[PDB]
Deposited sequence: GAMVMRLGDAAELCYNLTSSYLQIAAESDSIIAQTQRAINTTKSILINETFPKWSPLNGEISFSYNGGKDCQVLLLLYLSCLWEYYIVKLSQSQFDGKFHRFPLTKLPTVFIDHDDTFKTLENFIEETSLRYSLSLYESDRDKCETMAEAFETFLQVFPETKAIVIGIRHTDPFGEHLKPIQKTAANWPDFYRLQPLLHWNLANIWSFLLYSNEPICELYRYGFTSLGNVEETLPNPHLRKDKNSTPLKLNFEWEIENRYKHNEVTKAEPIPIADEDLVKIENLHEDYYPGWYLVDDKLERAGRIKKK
């Protein structure tokens, strides 16, 4: 039982849940309203600024997907926009690129594979056993796919190296030559959680265990700001409505969380502490707080 959707069905599903999110009744000072505004900006970037210039069909656009929450939100919106642009289906699998590393969480590896099957992506993975820079990995990716003109990148202004980015932007001089398409820059952490929880799509289950940012296995811990302690003020949930009223699937689109990898549960159990899930954090400045101390 691996949930598989043909690409067209996946795109239609994402259009429907995104449209449904946009129809949520919310007050003007709410996280949900702000997320609706962020969705509309993302849609404009893709439908108005991107697709008229580069084809998402003929190989001109590839999607950089690393299984994390930002990439996942962006993929859902990208699929929604493919449906909206072309219908509102000419493609069997969507070209996707993952830069793999030897210190990636096993649960994240599993999730990338699961989601590649779920959304009928055509996954290319760089070689995790090659010692090389990201630019080098993409240079090899361009040699395999020389038709690529632009790459969709799930990154936010609050992320490291996010400050001086724009929605459409050529790569650095030491990269292969393509346009970076960066339609998620204006999203905040709270918007990410709101949309992702409402979508009722499977997400990387590490977030459920207190992780807020998935760095590498050696550095990354559950966020200490989410550690449960009788002597700390309990944390309040900002996404109760989204969870309780999350998008209802049909028979063609049913979903289930996949449990974390055994090796990751062992690492979590060894901490002898419990954490609120990642969506109890909404402060962007503390997103990467869960880290091993280094000099």
Deposited-sequence segments unaccounted for in the coordinates: 89-101
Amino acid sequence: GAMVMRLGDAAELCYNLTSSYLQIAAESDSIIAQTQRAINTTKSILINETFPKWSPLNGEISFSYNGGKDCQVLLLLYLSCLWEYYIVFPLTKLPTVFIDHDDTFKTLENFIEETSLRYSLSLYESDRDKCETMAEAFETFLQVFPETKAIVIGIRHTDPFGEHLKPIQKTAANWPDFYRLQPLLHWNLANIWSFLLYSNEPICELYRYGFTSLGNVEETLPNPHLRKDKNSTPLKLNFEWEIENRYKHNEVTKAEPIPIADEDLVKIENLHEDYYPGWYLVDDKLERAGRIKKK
From here on, numbers count along this sequence of modelled residues.
Which of 132-140 and 102-110 has higher mean CA B factor, as the PDB entry lists it: 132-140
Higher-scoring stretch by recorded Cα B factor average, 251-259 or 40-48: 251-259
Residue selected from 238, 64, 35, 28 by maximal Cα B factor: 28
Candidate set 153, 196, 88, 75 [ranked by C-alpha B-factor, highest]: 88
Chain-wide C-alpha B factor ranking for residue 264, given as lowest, middle or highest third: lowest
Position of residue 119 among the chain's modelled residues by C-alpha B-factor, lowest, middle or highest third: middle
Among modelled residues of the same chain, the CA temperature factor third for residue 161: highest
Cα B factor band for residue 228 (lowest, middle or highest third within the chain): highest
Where the record places residue 84 (Cα B-factor, split into thirds across the chain): highest
